[PDB]
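A single chain comes next, written as structure tokens; it is the form deposited in one PDB entry.
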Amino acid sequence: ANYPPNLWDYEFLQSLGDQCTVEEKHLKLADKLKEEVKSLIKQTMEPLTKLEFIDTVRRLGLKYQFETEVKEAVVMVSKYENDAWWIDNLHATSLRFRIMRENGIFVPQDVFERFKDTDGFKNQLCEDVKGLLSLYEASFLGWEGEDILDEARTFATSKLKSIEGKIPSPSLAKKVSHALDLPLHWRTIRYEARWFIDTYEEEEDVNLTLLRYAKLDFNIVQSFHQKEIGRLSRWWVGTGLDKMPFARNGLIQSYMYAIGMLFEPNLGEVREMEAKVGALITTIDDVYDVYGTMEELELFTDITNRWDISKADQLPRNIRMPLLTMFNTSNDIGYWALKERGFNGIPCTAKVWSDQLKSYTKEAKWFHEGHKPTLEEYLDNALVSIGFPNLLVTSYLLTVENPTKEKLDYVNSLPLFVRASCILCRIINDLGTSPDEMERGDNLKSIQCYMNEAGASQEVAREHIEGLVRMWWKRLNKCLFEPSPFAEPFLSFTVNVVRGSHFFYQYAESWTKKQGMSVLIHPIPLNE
């Protein structure tokens, strides 16, 4: 074991692979239930009922198993000729608006106009909570310049808040509270699936076959995750970085975040590699922040820049081991791209690490010189220092068809889609900082930077930063309606890192542990 102790001991994590083996009879039941659920997605339903069903499928974390059928269902609903089923119905209108836009089918914000009067949304809509929640959730699919969706968000938030915690109807109470914490659009797929499996079971309209399949598929996917954490744990203990006197829970936390970025079994290898990079980002961040002197870090940065480990022995052991693990892992990842994808990715991985440590160095220079950057000067560097250019460009290297230097240079040039994602991850992380640490006047975080600029208060500045999150999400949403040159799975990665940030930096140990226990460690009890 390690001291200080990690969330779980590594031998435990390695034990999980065979502790939770899914019995062969459950594997065969899963294939059988999959076909039954396909049939259900395909079956004629009233259009609202079909949208509700495919919303449930998504929410249960199953869209990846039914991509063809869900899309085909959505298209069908977009072609249903008579609109009387949603017109003047706030829930149906909202749900349709959201499901259509999630699937690349435009619906104008004007569909909501009829729910307003001269002064704004009609106060009487507060008599229908399901309606309000669907409007709230739909509002997050909005784009810049869509003022009615901003009004919808403000109205629905306010009305739902006037009842959060006091709703005498258990499943809706739960869903509203959950939504006010984070909208569905901002949550991770995989962690939402585990929460919603429990919520769905308690709802009035539960389909037991869908529910049964959701639990079974959850456990099967979980068994792939458990094998991955076994492999990653063995790797991590092999690096010796578990014994550095910093970066407690680095590996496990990186892996838990990676599951938010991409959970699908068929992306296991990519997910392992992203988890290794994230554990090294966590470790090296600590090296730069809470261990190395300015002279040690200058040499760390120079070795990385030049990809030349000749002078590595000038660094003390606890700095040298992270350095050489970064080097060895980056070479391994670049090599996988050569072996698997036909393209040598070492220049790419070396480059994003060099860019990242240059950004750490800039922050350190500001901190030591007492520089107070503007928000815009801070974010241009801090969107690099958060590590998502590194993680995203790496993800692109490992998945793009026919990778080339020119394609990698393009992604690393931060096209709007990627820039929005990295800025979001940075600002979201900064917003997660509790005011216990704010009182410490760290000038190199978003809120404080804006406070310093404008002479604004902490509350006004926080509100400003929160507004930036909503703005960059609007840009992300619109980028998906013209995403070229990007394709799946990179389009999903770019969005899902943001969701990971929202989920893991909500504005801590126990909460993390709870999430890891339900998603990675404990299977769902089946009654089969």
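Note that the rigid core is defined as the largest set of C-alphas that superpose within 1.5 Å between two forms. Just count from 1 along the sequence shown to find any residue number.
According to the entry, the deposited sequence has no residues without coordinates between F12 and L13, so the chain runs continuously there.
On average the C-alpha atoms of 442-450 have higher B-factors than those of the other stretch, with 327-335 and 442-450 being the two compared.
Checked against the record, the higher mean CA B factor of 430-438 and 298-306 lies with 430-438.
Take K28, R59, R470, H502 and read off each C-alpha B-factor from the entry; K28 has the highest.
Highest CA B-factor among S94, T399, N82, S359, as stated in the entry: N82. For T494, the recorded CA temperature factor ranks within the lowest third of the chain's modelled residues.
Per the PDB record, residue ranking by Cα B-factor puts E137 in the lowest third of the chain. The deposited CA B-factor of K38 belongs to the highest third of values across its chain.
In the deposited entry, the Cα temperature factor of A214 places it in the middle third of its chain's modelled residues. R320: CA B factor in the lowest third of modelled residues in this chain (values from the PDB entry).
Just so it is clear, the following notes concern the form deposited in another entry, a form of the same protein that is not shown.
Compared between the shown form and the other one on the core, the listed residues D308, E164, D181, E340 keep their C-alpha shifts below 2 Å, save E164.
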